[PDB]
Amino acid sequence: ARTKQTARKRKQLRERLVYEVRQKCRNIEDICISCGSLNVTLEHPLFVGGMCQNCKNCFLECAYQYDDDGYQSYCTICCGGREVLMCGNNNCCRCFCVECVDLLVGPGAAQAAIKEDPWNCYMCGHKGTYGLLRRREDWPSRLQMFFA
């Protein structure tokens, strides 16, 4: 995977909650997979998990933020990130930051993606499930509803 630093524009909590999900003491549907808030008011449209209103608002904005490389400015999951992996295919243009990858796919996963070439992101890959990341069967209709 190609990487970039994001254009300049919580962790403790996300980290603890992901541990609890992995340990089967919390459901991923009951946390905001983007920031870790427990004030879940909707379902994340791409991946199994919850989303808070504030994150929904960021997602709506970030969807339209692209860099001059033709790729999305920010992480698909958390709408931020410092360093992001870029999907190897051109109809995609998505990015995933190393924090969410190591956190949700697993420790080592980012570095493994960085050294996989060509690399297809978690939205493009045929398997659909990577660690805690579980792509929705119906993300296109969810995504459409989400933006309408």
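One-based numbering along the sequence shown.
TODO: Please establish whether a third or more of the other compared PDB entries omit coordinates for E83.
DONE: no, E83 modelled in all other entries.
TODO: Taking only the other compared entries that model residues on either side of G70, decide whether it is unmodelled in at least a third of them.
DONE: No; none of the other entries leave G70 out.
Open item on the list: Does the chain run continuously from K9 to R10, or are deposited residues unmodelled in between? Answer none, 1 to 3, 4 to 9, or 10 or more.
Closed with: Per the deposited record, the segment joining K9 and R10 lacks coordinates for 4 to 9 residues.
Open item on the list: Ranking the modelled residues of this chain by C-alpha B-factor as given in the entry, is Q65 in the lowest, middle or highest third?
Closed with: Lowest third of the chain for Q65's C-alpha B-factor.
Open item on the list: Lowest, middle or highest third: which one holds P140 when the chain's residues are ordered by CA B-factor from the entry?
Closed with: Ranked within chain, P140 CA B lands in the lowest tercile.
Open item on the list: Is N120 in the lowest, middle or highest third of its chain when residues are ranked by C-alpha B-factor?
Closed with: Lowest third.
Task: Modelled-residue ranking by C-alpha temperature factor, third containing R26 - done: Middle third - that is where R26 ends up once the chain's C-alpha B-factors are sorted.
TODO: Would you mind checking where the Cα B-factor of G36 ranks among the modelled residues of its chain, as the lowest, middle or highest third?
DONE: For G36, whose C-alpha B-factor we compare with every modelled residue in the chain, the answer is the middle third.
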